[PDB]
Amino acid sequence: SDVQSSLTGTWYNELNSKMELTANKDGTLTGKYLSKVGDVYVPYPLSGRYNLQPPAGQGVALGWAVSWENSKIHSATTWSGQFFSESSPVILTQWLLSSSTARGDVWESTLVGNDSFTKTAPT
């Protein structure tokens, strides 16, 4: 099956955040992201891109972006990583969360972390 058949759907990370992901035939990603951490309370939309043609036995490289804006927050996260559809499906990512700052404070504006997404919510 094509990548979208395995990639489109709901994914959950270790923080119990929920991503409703759609992988389109043109290689784009769309959908909604609900973070269980940070001062956000509803899903925010995502946009990204993903590999259509992974070499056999290798991951689908992919990445996506979310802009977060509410009364208190003006930031954007990107996730970059690989989706593996075989055996135990997973999206293994690292992410960069850049927050709006004064130009002089750019040095302290970007958080880095890692998220692992699976098809079942963590207990």
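Residue numbers run from 1 along the displayed sequence.
Which is higher in the entry, the mean Cα B factor of 110-118 or that of 20-28? Per the deposited B-factors, the answer is 20-28.
94-102 set against 37-45, stretch whose average Cα temperature factor tops the other in the entry: That would be 37-45.
Identity of residue with top Cα B-factor, from 51, 87, 80, 77: Going by the entry's C-alpha B-factors, 87 comes out highest.
Compare the C-alpha B factor of residue 70 with those of the other modelled residues in its chain, then answer lowest, middle or highest third. As the PDB entry reports it, the C-alpha B-factor of residue 70 lands in the middle third of its chain.
Residue 59, C-alpha B-factor rank within chain (lowest, middle or highest third): Tercile = middle for this residue's CA B-factor.
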